[PDB]
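There are 2 protein chains.
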Amino acid sequence: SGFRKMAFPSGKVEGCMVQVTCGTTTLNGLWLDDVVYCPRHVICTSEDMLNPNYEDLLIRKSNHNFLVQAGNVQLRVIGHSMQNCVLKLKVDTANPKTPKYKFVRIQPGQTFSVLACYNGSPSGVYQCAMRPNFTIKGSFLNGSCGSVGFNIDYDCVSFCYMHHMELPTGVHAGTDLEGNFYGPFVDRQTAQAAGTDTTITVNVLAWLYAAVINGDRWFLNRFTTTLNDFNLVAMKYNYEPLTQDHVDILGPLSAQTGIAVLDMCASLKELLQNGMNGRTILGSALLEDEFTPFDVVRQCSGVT
Amino acid sequence: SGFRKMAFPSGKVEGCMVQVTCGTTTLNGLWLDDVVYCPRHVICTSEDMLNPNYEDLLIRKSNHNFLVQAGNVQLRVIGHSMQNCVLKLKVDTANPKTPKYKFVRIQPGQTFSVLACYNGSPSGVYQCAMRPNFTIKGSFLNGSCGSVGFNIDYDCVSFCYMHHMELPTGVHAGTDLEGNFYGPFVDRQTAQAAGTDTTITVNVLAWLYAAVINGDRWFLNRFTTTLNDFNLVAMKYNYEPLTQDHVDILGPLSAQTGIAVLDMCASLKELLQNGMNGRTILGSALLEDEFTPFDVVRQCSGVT
Ligand SMILES: Cc1ccncc1NC(=O)CN1CCC(C)CC1
Ligand SMILES: Cc1ccncc1NC(=O)CN1CCC(C)CC1
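These protein sequences, in sequence, are chains A and A'. A prime marks a further copy of an entry chain. Under PDB author numbering, the first residue of the first sequence is numbered 1, with each subsequent residue one higher. Under PDB author numbering, the first residue of the second sequence is numbered 1, with each subsequent residue one higher.
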């Protein structure tokens with residue numbers, strides 16, 4: 001028992017972190033095989049950040065301008081290319097610690113672990129989710145750019161995020177490993193306001209199942225609801241609409257606890273309409289939405 | 001910006017996890033140098049758990065009864081001894097991935113990361129703290145025994161916790177790496193009720209400094225207090241008494257924010273007496289006490 005915000009073990013990703021310096025900017029790179037991935041804004045100066053033309057800025061850069069340091073040993077750069085908002089630096093040495101990996105683009109609501117890094121060195125690991133407005137609420141400082149977000153399926157690391165920037169509101173924006181930003185964000189020092197940060201309903205429901213499994217049951221009520229009725233209440237509370245697919249994904253949790261998904265929706269409806277009354281659920285005073293149904297099943301079953 | 005419950009990167013500890021089987025019990029062991037550390041309850045059966053006499057049970061065990069598996073290769077056990085509540089299994093091979101390490105016994109309030117494991121394999125990493133009643137609120141299942149808690153100072157891993165058991169109330173008990181339990185807990189299947197889980201005041205204050213640093217400032221008030229006045233309010237709310245040592249440890253945070261420690265105590269006093277009024281601080285609806293002043297400084301400065 002006990003339910004914690006749990007990150008994936010970071011070792012496989014730690015073995016991929018390198019330092020990339022270009023000009024006077026130092027950030028992090030991800031070394032997989034003979035390629036190092038890093039944000040393209042590494043080639044920018046103070047005056048470039050405002051309205052950079054990366055194709056133009058990249059012409060003035062050569063292979064020897066990208067300084068790649070793995071641990072404290074230098075990697076030789078034999079090629080460089082720009083793929084969307086990331087640079088792919090081909091090095092002469094394949095990463096000996098390269099795990100089995102995939103590049104995946106995640107959907108809003110999906111969770112992942114971040115291994116925050118500074119100067120190619122890991123400083124910490126935390127769990128977070130892709131918000132429905134395509135921001136992430138990370139914990140990043142200057143120099144953390146190039147830190148990655150990932151998932152693990154036993155031995156395969158699915159890389160889903162690369163950190164690029166902090167928006168003026170302190171929230172975070174980044175790309176998948178193909179260089180495409182999540183959301184409408186652009187790697188420019190400009191006014192980019194995020195959209196509505198709605199609550200990931202399916203995740204909240206999965207965490208209510210996690211609470212019942214671990215003994216916090218006070219919130220279970222004598223009511224039920226429909227998808228349409230629940231969604232009227234969810235729209236009012238800035239909660240994402242619940243679909244039949246979400247209900248299906250919750251099936252394993254409904255089966256283990258014997259609580260119908262729509263009964264759990266009714267319990268959530270009353271928590272939304274009445275508050276917690278100073279009470280807590282899994283040590284939290286708000287409804288937690290950064291655990292997917294898959295994360296709850298994994299933590300409650302002990303997948304390694 | 002952004003403040004997350006951040007765990008230490010787990011790679012150095014992942015390289016130490018092994019599977020220990022004795023009889024029909026399989027748990028985790030920590031392989032450091034030529035010694036494997038694991039809970040002594042690995043030698044127990046169903047009938048032993050109630051009132052085990054580990055010196056007696058250990059006589060019937062030999063080196064070849066302890067099955068140590070590192071990855072999927074077997075380690076030869078050439079010696080075994082009992083140190084308090086942990087077994088030290090001397091193996092013929094030194095762990096090639098042994099990091100620089102220390103064994104330290106932490107005080108209540110101190111935080112650490114746990115690398116939860118099943119069958120010697122890491123399943124996740126989370127951050128938690130030694131409660132003032134010497135329990136921990138982990139996330140552990142059957143088979144997680146032998147999972148460790150640790151801190152890292154650049155390259156040195158300070159091992160502080162080894163998981164041994166779940167109390168009947170779902171909370172967790174364990175030992176330091178010398179086999180001494182934190183608290184009055186004993187490795188027996190018996191009624192052991194935990195004492196008062198008081199709030200770690202100094203940690204809450206440090207997290208209020210973390211909130212001010214990241215822009216959540218609504219809770220800052222026009223008041224101040226004394227240690228004696230604050231402690232009258234803290235005793236009433238089951239908060240640990242604040243000492244001058246805690247005030248000193250908060251010095252770096254007081255200096256960076258320009259907010260006197262006693263001013264922050266007065267802000268905490270009003271949050272205790274008035275609640276949050278449906279508002280949040282660092283995305284939380286309760287006062288978080290699992291970040292030490294050192295953790296806040298580390299996360300806000302980016303120590304690697
Ligand atoms: C300071 C900080 C904190 C947390 N995360 C990231 C950063 N840095 C940036 O976002 C810098 N920024 C400059 C303009 C570039 C086009 C994109 C990168
Ligand atoms: C099931 C579980 C969940 C989370 N953490 C641990 C466990 N297991 C135990 O605590 C088992 N227990 C049996 C009696 C022994 C003296 C000590 C170990």
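Ideal Cβ placement from N, Cα and C applies to all residues, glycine included.
For residue i versus residue j, is the C-beta distance shorter than 8 Å?
i: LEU67(A'); j: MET82(A'); result: no
i: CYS160(A); j: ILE106(A); result: yes
i: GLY195(A'); j: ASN133(A'); result: yes
i: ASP34(A'); j: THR111(A'); result: no
i: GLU290(A); j: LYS5(A); result: yes
i: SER267(A); j: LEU208(A); result: yes
i: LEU177(A'); j: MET162(A'); result: yes
i: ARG131(A'); j: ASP197(A'); result: yes
i: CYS145(A'); j: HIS41(A'); result: yes
i: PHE150(A'); j: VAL13(A'); result: yes
i: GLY120(A); j: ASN28(A); result: yes
i: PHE8(A'); j: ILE213(A'); result: no
i: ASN53(A); j: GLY179(A); result: no
i: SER284(A); j: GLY11(A'); result: no
i: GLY302(A); j: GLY143(A'); result: yes
Where DSSP assigns a beta bridge to residue i, which residues make up the other side?
i: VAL35(A); result: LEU32(A), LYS90(A)
i: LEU250(A); result: DSSP lists no partner for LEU250(A).
i: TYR237(A); result: Answer is none; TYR237(A) lacks a bridge partner.
i: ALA7(A'); result: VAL125(A)
i: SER284(A); result: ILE281(A)
i: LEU242(A'); result: Answer is none; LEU242(A') lacks a bridge partner.
i: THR111(A'); result: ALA129(A')
i: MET17(A); result: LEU30(A)
Is residue i near ligand 4, with its Cβ less than 7 Å from a heavy atom?
i: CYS156(A); result: What this structure holds is ligand 1 and ligand 2, not ligand 4.
If we ignore side chains and look at the alpha-carbon of each, how far apart do residue i and residue j end up?
i: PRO122(A); j: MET17(A); result: 8 Å
i: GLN256(A); j: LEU242(A'); result: 44 Å
i: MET165(A'); j: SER158(A); result: 33 Å
i: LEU227(A); j: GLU240(A); result: 12 Å
i: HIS64(A); j: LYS137(A); result: 35 Å
i: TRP31(A'); j: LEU75(A); result: 33 Å
i: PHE3(A'); j: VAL125(A); result: 12 Å
i: residue 327(A); j: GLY71(A); result: As displayed, chain A neither begins before 1 nor continues past 304, which places residue 327(A) out of reach and without an answer.
i: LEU286(A'); j: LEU262(A'); result: 21 Å
i: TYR154(A'); j: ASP295(A'); result: 14 Å
i: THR201(A'); j: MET264(A'); result: 11 Å
i: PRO96(A'); j: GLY15(A'); result: 9 Å
i: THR25(A); j: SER46(A); result: 10 Å
i: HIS172(A); j: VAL233(A'); result: 38 Å
i: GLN192(A'); j: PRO168(A'); result: 7 Å
i: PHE219(A'); j: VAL73(A); result: 47 Å
i: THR190(A'); j: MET276(A); result: 34 Å
i: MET49(A'); j: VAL114(A); result: 40 Å
i: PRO99(A'); j: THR304(A'); result: 16 Å
i: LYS90(A); j: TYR37(A); result: 9 Å
i: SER147(A); j: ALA210(A); result: 30 Å
i: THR175(A); j: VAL20(A'); result: 42 Å
i: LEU282(A'); j: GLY215(A'); result: 9 Å
i: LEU205(A); j: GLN69(A); result: 44 Å
i: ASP56(A); j: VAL86(A); result: 15 Å
i: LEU272(A); j: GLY109(A); result: 19 Å
Three-state secondary structure (DSSP) at residue i?
i: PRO122(A); result: strand
i: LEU208(A'); result: helix
i: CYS265(A); result: helix
i: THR257(A'); result: helix
i: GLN127(A'); result: strand
i: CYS117(A); result: strand
i: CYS22(A'); result: strand
i: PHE230(A'); result: helix
i: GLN299(A); result: helix
i: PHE103(A'); result: strand
i: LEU27(A'); result: strand
i: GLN83(A); result: strand
i: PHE291(A); result: coil
i: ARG40(A'); result: helix
i: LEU271(A); result: helix
i: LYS97(A'); result: coil
Which full runs of the beta strand (DSSP E) of 3+ residues lie inside the stretch 134 to 210 of chain A', going along the chain?
148 to 153, 156 to 166, 172 to 175
As an exercise, report each continuous alpha helix (DSSP H) stretch of at least 4 residues that is fully enclosed by the stretch 43 to 81 of chain A, in chain order.
54 to 59
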